[PDB]
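Read through the structure below, which is laid out as structure tokens, and then see the notes.
Because the Cβ atoms are built from the backbone with ideal geometry, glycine has one as well, and the counts that use them run over all protein chains shown. Read-outs: derived from the displayed coordinates by stated rules, not from any lab.
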Amino acid sequence: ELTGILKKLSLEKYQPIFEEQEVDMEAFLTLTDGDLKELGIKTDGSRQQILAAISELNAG
Amino acid sequence: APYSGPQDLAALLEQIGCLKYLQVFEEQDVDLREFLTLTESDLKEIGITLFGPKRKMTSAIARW
């Protein structure tokens, strides 16, 4: 699930954003770079890692 | 019948786990037909202020 994905990326510091914004897995898998910026994840590397994770999950 | 659209707004919201917003729509007299015409900023203006539910709704609108 989401918390596990962030844990594996060492990005659990962003978990409170997703929780408060009620981003479930369905919504999470639709997130773009622009969406992550809007949610407040301003660090480029953080977005790169999250998007890479999303990409692998959606692959196929 | 399988794979047909939702019969009404409650049905759509149930499908996307957003029934917590049904009464907000009802208070604005937004039924299924009107809901399917809304844009992202329309949803925000009605009170769907959180990213997750608003995204599931814009996805549903595009879907149906």
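Results, tabulated for the structure shown:
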| read-out | value |
| --- | --- |
| Computed magnitude of the charge dipole of the protein assembly as shown (debye, nearest 20; Cβ of K, R +1, Cβ of D, E -1) | 540 debye |
| For residues of A:25-36, the mean tally of beta carbons on other chains within 10 Å | 2 |
| Cubic angstrom per residue, convex hull over Cα atoms of the protein assembly as shown | 116 Å³ |
| Tensor-based shape of the range B:8-64 (alpha-carbon gyration tensor, a/c under 1.5 rounded, otherwise prolate or oblate) | rounded |
| Count of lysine pairs in the protein assembly as shown with Cα separation under 22 Å (8 or more residues apart, or interchain) | 15 |
| Crossing angle, helix B:51-63 versus chain B [Cα axis fit, 0-90 degrees, rounded to tens] | 40 degrees |
| Karplus (6.51, -1.76, 1.60) ³J(HN,Hα), θ = phi - 60°, over the range A:12-28, in Hz, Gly and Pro reported as x | 4, 4, 9, 3, x, 5, 5, 5, 5, 8, 6, 7, 7, 4, 3, 5, 4 |
| Positive-pole candidate from B:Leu50, B:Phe25, A:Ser46, dipole of the protein assembly as shown, charges at beta carbon | A:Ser46 |
| Distance from the range B:9-64 to the range A:12-53 (C-alpha centre basis), Å | 22 Å |
| Equivalent ellipsoid, the range A:1-57 (semi-axes from 5 times Cα gyration tensor eigenvalues, Å) | 13, 13, 12 |
